[PDB]
Amino acid sequence: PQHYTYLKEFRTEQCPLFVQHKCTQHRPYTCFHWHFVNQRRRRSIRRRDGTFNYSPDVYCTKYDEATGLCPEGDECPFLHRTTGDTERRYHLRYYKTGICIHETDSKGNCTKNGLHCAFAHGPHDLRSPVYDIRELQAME
Amino acid sequence: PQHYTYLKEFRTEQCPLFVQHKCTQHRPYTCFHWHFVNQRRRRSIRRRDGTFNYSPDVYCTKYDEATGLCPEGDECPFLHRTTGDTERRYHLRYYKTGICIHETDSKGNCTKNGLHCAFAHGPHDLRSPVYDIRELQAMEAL
RNA sequence: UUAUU
Ligand SMILES: [Zn+2]
Ligand SMILES: [Zn+2]
Ligand SMILES: [Zn+2]
Ligand SMILES: [Zn+2]
Ligand SMILES: [Zn+2]
Ligand SMILES: [Zn+2]
């Protein structure tokens, strides 16, 4: 059940090893957790009213990619282009919904995008998109 | 599988619903999260040197069971008698290492402790203990 | 494809 943990937790909290100068995954940057705020991801959520807490498609124009700060903060309804575009790649709408074009290795992981590839490697690894009620209503 | 989620997470964080009287899993207290501080457990951890962050056997005498406070907090090397004895029961050393004496119901859950039961129901549900390097030494000598 | 541009 790795999908749940990535959707809920990927890059949402700071790496405790990094603050102790002990994270081996800073360069190149491959950690599960954020090291700087400009690498922080907001958990993507579908609210009870059927809307996403933020869009899977429209990028915020005020988000400061260098500092990880948006004037509207986390309540911003638009997508933030954080490091590695992880708000989009790990969004309920898109995470693991397409097939990865890259080969799969013997442990079932991506040969090119590393352990955190957000494309699917095999049927067990594919999920159906979750849609905003507004996308569903457009699809009609 | 579900073992890792219990080991790492069970009753380690405060329930955001309970603080608002919106948790429906209080009495019968089936919530995965703590509601009162004395229900909170610290995640047990095997350090790189092979020792546990805190013992699964020797109980802290400073831990106030009424308030859930120990002066050493997460760094106390001794076991806290949290409500339901959850630090011991969900410890790496003991969680699901033995068979529950109680029976399972028709959903696959313990009849006395429900789905959260810390003993294994069926040999398929067993895990091997994780041992402190010290216990490994004493055990080998037998 | 949400990392095939
Ligand atoms: Zn790290
Ligand atoms: Zn924004
Ligand atoms: Zn891939
Ligand atoms: Zn609760
Ligand atoms: Zn203590
Ligand atoms: Zn039981």
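Each chain gets a letter, A, B and so on, in the order the sequences are listed, and its residues count up from 1.
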Could you tell me how the ring of A:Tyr63 sits relative to the ring of A:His80: parallel (under 30°), tilted (30 to 60°) or perpendicular (over 60°)? parallel
What is the distance, rounded to the nearest whole Å, between atom CZ of A:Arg89 and atom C1' of C:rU1? 11 Å
Interatomic distance, A:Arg127 CZ vs C:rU2 P [rounded to whole Å]: 14 Å
Does CD1 belonging to B:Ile99 count more than 12 external heavy atoms closer than 6.0 Å? yes
Given atom NZ of A:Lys96 and atom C1' of C:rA3, what is their separation to the nearest angstrom? 12 Å
If I take atom CZ in residue A:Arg81 and atom P in nucleotide C:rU2, what distance separates them, rounded to the nearest angstrom? 13 Å
Using the aromatic ring of A:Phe119 (for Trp, its six-membered ring), decide whether it stacks on the base of C:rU2 within the limits of 5.5 Å and 30°. yes
What's the CZ-P distance between A:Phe10 and C:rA3, to the nearest Å? 15 Å
Rounding to a whole Å, what distance do you find between A:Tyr90:OH and C:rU1:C1'? 14 Å
For A:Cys110, which contact category applies under a 4.0 Å heavy-atom criterion: base, sugar-phosphate, or nothing? nothing
Without decimals, in angstroms, what is the distance between A:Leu115 CG and C:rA3 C1'? 15 Å
Value in whole Å for how far the P atom of C:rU4 lies from CG of A:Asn113: 8 Å
Hey, does the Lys NZ or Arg CZ of A:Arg127 hover above the aromatic six-ring of A:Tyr95, less than 6.0 Å from the centre and inside 45° of the axis? no
Over 12 non-hydrogen atoms of neighbours within 6.0 angstrom of CG in A:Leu136: yes
